[PDB]
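Everything on this sheet refers to the single structure shown next.
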Amino acid sequence: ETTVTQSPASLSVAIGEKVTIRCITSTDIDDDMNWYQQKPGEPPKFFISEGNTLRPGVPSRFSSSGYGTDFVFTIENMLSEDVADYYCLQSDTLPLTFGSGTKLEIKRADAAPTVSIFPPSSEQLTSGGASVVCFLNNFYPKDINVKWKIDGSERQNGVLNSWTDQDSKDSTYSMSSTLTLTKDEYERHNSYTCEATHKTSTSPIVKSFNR
Amino acid sequence: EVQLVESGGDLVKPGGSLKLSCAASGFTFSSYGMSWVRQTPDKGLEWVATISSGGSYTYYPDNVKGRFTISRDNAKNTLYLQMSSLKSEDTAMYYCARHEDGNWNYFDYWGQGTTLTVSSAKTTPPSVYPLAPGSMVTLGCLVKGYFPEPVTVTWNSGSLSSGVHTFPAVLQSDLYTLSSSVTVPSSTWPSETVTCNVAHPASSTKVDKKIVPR
Ligand SMILES: [Ca+2]
């Protein structure tokens, strides 16, 4: 089997900057290399076929190059409507194989998070459980850190973290933090606090309530 | 233009069987080779199988050969994917895709996808806990302990669009969990009501939880 290798894995470039993606095949595949673009929730879209043939309807700032084993995809002036995932595909020998992809983030101004903490709802308590939530919205870059500490202590077992893709509007990230712990271990510990560490602040950004 | 529409994705217990199908439209189907491609979040795209125009030649990769059977109906313009001895590693979104060649080649057209989940977990409607606070306020809503994906979360039937954040699900105890936040002007609450509606088609369930000051 021919091993397509993509690079870079990810790549946070900023508007207009040049975008270079390379793909190498473990064997000579001639000009049987193809490239695809795929935005969030949607099938892959065709962009460059065999022989580096740019696709019809595809903008002119997208170009492909190569023959043999070393191939290169190029986006010249990256427009904020290029922020997607890309994949290469060799096609001269079954089984067909894609690169592992290259995701693109919009390099944009820093943004501090809007933290928000919520104590568990009575309805959930009634069911025999307790979940404290903490939202952190519209920040950048994704590289953030959320720490939880029960009653001035430090707990970190039974926590969930979800991250939203980079907003298509303000290019910022958001994440939610859920702390689950039976109603028992809950109501009898006092200060539930949510702490964060983002490169926008020098000291730990906190947020908490008391039962 | 060309149109491909998959269907058939469902929940299936390991070692189970299922049949996926594709409705090909807008092009002379009998002239192109067809194929299935699946996509997992942890291993990207992956060619699953191909079949020729007249359907006489078929090609599958090794990690599938034997279990998967591709086929077509040129009379009806439909593509099919028979699967058996289903595995947890077969869990992915399957795409119906067209080759620009009479046999195989690259992929010019892709359907919208259909999801396949392979698990022992049973369909469970989710529990919905309203998240209220103890210039503009931010409310939440916790959708916990359901299975399988997806769950559709809207606020006020869609009336509220701006500043809505729905975070991806997370398998925790073998059941998914997700939450959603919304920001509204401090004046519009708790004067105007706010509700997150959570629909879970897998269990034909749909709840509407109103957020109120605790
Ligand atoms: Ca070829």
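Residue numbers (the entry's author numbering), protein chains in the order written: chain A, 1 to 211; chain B, 1 to 82, 82A to 82D, 83 to 100, 100A to 100C, 101 to 127, 134 to 213. Here a beta-carbon is modelled for each residue, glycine too, at the ideal position from N, C-alpha and C.
Note down, in chain order, each residue of its chain lying with its Cβ closer than 6 Å to the Cβ of residue i, except the 5 sequence neighbours on either side.
i                      : result
residue 40 of chain B  : 88
residue 83 of chain A  : 104 and 106
residue 176 of chain A : 135 and 162
residue 116 of chain A : 135
How is residue i classed by DSSP in three states: helix, strand or coil?
i                       : result
residue 66 of chain B   : coil
residue 200 of chain B  : helix
residue 124 of chain A  : helix
residue 157 of chain A  : coil
residue 183 of chain A  : helix
residue 143 of chain A  : coil
residue 137 of chain A  : strand
residue 63 of chain A   : strand
residue 172 of chain B  : coil
residue 100A of chain B : coil
residue 86 of chain B   : helix
residue 157 of chain B  : helix
residue 27 of chain B   : coil
residue 195 of chain A  : strand
residue 105 of chain B  : coil
residue 184 of chain B  : strand
residue 60 of chain B   : coil
residue 116 of chain A  : strand
residue 139 of chain B  : strand
residue 169 of chain A  : coil
residue 212 of chain B  : coil
Taking the alpha-carbon positions, what's the residue i to residue j distance?
i                      : j                      : result
residue 52 of chain B  : residue 36 of chain B  : 12 Å
residue 23 of chain A  : residue 140 of chain A : 30 Å
residue 129 of chain A : residue 151 of chain B : 24 Å
residue 5 of chain B   : residue 102 of chain B : 11 Å
residue 6 of chain A   : residue 99 of chain A  : 5 Å
residue 208 of chain B : residue 92 of chain B  : 38 Å
residue 55 of chain A  : residue 48 of chain A  : 5 Å
residue 184 of chain B : residue 76 of chain A  : 42 Å
residue 174 of chain B : residue 203 of chain A : 36 Å
residue 96 of chain A  : residue 76 of chain B  : 27 Å
residue 221 of chain A : residue 212 of chain B : Within the shown structure, residues of chain A are numbered from 1 to 211, placing residue 221 of chain A beyond reach of any answer.
residue 141 of chain B : residue 179 of chain A : 12 Å
residue 113 of chain B : residue 94 of chain A  : 34 Å
residue 45 of chain B  : residue 104 of chain B : 14 Å
residue 138 of chain B : residue 164 of chain B : 10 Å
residue 136 of chain A : residue 154 of chain B : 19 Å
residue 80 of chain B  : residue 116 of chain B : 26 Å
residue 59 of chain B  : residue 20 of chain A  : 33 Å
residue 10 of chain A  : residue 63 of chain B  : 28 Å
residue 157 of chain B : residue 180 of chain B : 14 Å
residue 25 of chain B  : residue 74 of chain B  : 12 Å
residue 136 of chain B : residue 2 of chain B   : 46 Å
residue 72 of chain B  : residue 149 of chain A : 58 Å
residue 85 of chain B  : residue 110 of chain B : 9 Å
residue 39 of chain A  : residue 23 of chain B  : 23 Å
residue 149 of chain B : residue 9 of chain B   : 12 Å
residue 20 of chain B  : residue 34 of chain B  : 13 Å
residue 210 of chain A : residue 124 of chain B : 16 Å
Residues in the same chain with beta-carbon distance under 8 Å from residue i, minus the five sequence neighbours each way, listed in chain order, please.
i                       : result
residue 100B of chain B : 95 and 96
residue 30 of chain A   : 67, 68 and 92
residue 109 of chain A  : 140
residue 111 of chain A  : 138, 139, 140, 170, 172 and 200
Cutting at 7 Å between CB atoms, please list the residues of its own chain near residue i, excluding the five before and the five after it.
i                      : result
residue 82B of chain B : 17 and 67
residue 32 of chain A  : 50, 90, 91 and 92
residue 61 of chain A  : 75, 76 and 77
residue 145 of chain B : 117, 118, 119, 174, 175 and 199
residue 31 of chain B  : 53 and 98
residue 125 of chain A : 183
residue 181 of chain A : 130 and 158
**Prompt:** Listed in chain order, which residues of the region 162-179 of chain B have Cβ atoms closer than 9 Å to some Cβ of chain A?
**Reply:** 162, 164, 165, 166, 167, 168, 169, 171, 176, 177, 178 and 179
**Request:** Check distances from the C-beta atoms of the region 120-143 of chain A to those of chain B and list, in chain order, the residues that come in under 9 Å.
**Result:** 120, 121, 122, 123, 124, 127, 129, 131, 133, 135, 137 and 138
**Asked** Quick one, which residues of the region 45-68 of chain B are near chain A if we go by CB-CB under 7 Å, in chain order?
**Response** 45, 47, 59 and 61
**Message:** Taking beta-carbon pairs under 9 Å, can you tell me which members of the region 91-113 of chain A lie near chain B?
**Reply:** 91, 94, 95, 96, 97, 98, 99, 100 and 101
**Prompt:** Looking at chain B, which residues of the region 61-93 of chain A have a Cβ within less than 9 Å of any of its Cβ atoms?
**Reply:** 85, 87, 89 and 91
**Prompt:** Going along the chain, which residues of the region 25-47 of chain A sit with their C-beta nearer than 7 Å to a C-beta in chain B?
**Reply:** 34, 43, 44 and 46
**Item:** Contact residues within the region 169-195 of chain A, judged by C-beta distance below 9 Å to chain B
**Value:** 174, 175, 176, 178 and 180
**Prompt:** Going along the region 187-211 of chain B in order, which residues come within less than 8 Å of chain A, judged by CB to CB distance?
**Reply:** none
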